[PDB]
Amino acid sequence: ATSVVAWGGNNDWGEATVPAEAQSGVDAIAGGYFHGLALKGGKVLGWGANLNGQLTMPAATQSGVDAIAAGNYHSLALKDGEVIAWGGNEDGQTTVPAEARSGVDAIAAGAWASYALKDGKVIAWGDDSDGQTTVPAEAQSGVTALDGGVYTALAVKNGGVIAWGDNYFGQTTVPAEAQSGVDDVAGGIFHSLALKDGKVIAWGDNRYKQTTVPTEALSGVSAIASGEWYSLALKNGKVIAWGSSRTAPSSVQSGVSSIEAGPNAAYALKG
């Protein structure tokens, strides 16, 4: 990635201050509450406040890593089909079950939870106070995408959204429209997103305009991401932002190749 842009939120822990080593040649970024991670040439880099050991990188993360994710207190990496986890573990979110130590195709982190996708089966561990780590039987096969929220989790199966966990603001009540043709999902604290053939679909809380999807994001969108109280969409290399008064600065109006939303800080990778 020619460059990296981080913006939004108070940046109280430096989670949005990207260090020089992670300025370019970055393949992916993962945002946690107090930290950020970048994947560069197979190596996991990180910055922010190491309050829980989430920035204390396991030797295995030094090379050959395929993907990263981050929760409130913890970090996740995917390497040779094995999920690697470190940082805070009071809810068991870094205790990787044997089932997720091989054959894993994708990972995602919730605030206090960790998720793996293995041959179409969602595997979940960590906090289950709001039922977020009890995987619905439906999400145990044919799953193609997934994400963790704060009190929720989401998956895509046969192009239909599956959602579980807290439903206080209706954020796990899946609209008819998102039950077929969906490519991806993203969970906020009280809202959820789906991407259906370039059209962003949003449901749940709207007290902070979270589900007030801008017209521009109703077609031609290639990627979505969600922070806690805001959302991002990538469209022909331009970032669209909404919810909680979030905007996209001029630096991300073009040439953006991927997006990542930490709970507060947004990140854009530029080609």
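Counting begins at 1, following the sequence as shown.
Chemist: If you average the CA temperature factors over each stretch, which comes out higher, 13-21 or 249-257?
Modeler: Comparing 13-21 with 249-257, the higher average CA B-factor belongs to 249-257.
Chemist: Mind pulling up the entry and telling me whether 150-158 or 82-90 has the higher mean Cα temperature factor?
Modeler: Comparing 150-158 with 82-90, the higher mean C-alpha B-factor belongs to 150-158.
Chemist: When you compare the CA B-factors of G220, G64, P58, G36 as listed in the entry, which one comes out on top?
Modeler: Highest CA B-factor of the listed options: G220.
Chemist: Based on the PDB record, which member of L76, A186, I189, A176 exhibits the highest Cα temperature factor?
Modeler: Of the candidates given, the C-alpha B-factor peaks at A176.
Chemist: Among the chain's modelled residues, which third holds the C-alpha B-factor of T211?
Modeler: For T211, whose C-alpha B-factor we compare with every modelled residue in the chain, the answer is the middle third.
Chemist: Report the third (lowest, middle or highest) to which the CA temperature factor of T144 belongs, ranking only the modelled residues of the same chain.
Modeler: Middle third of the chain for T144's C-alpha B-factor.
Chemist: If you rank the chain by CA B-factor, which third does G237 end up in: lowest, middle or highest?
Modeler: Highest third.
Chemist: Classify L45 as lowest, middle or highest third according to the C-alpha B-factor given in the PDB entry, relative to its own chain.
Modeler: As the PDB entry reports it, the C-alpha B-factor of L45 lands in the lowest third of its chain.
Chemist: Taking the chain's C-alpha temperature factors as the reference, tell me which third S231 falls into: lowest, middle or highest.
Modeler: According to the entry, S231 has a C-alpha B-factor in the chain's middle third.
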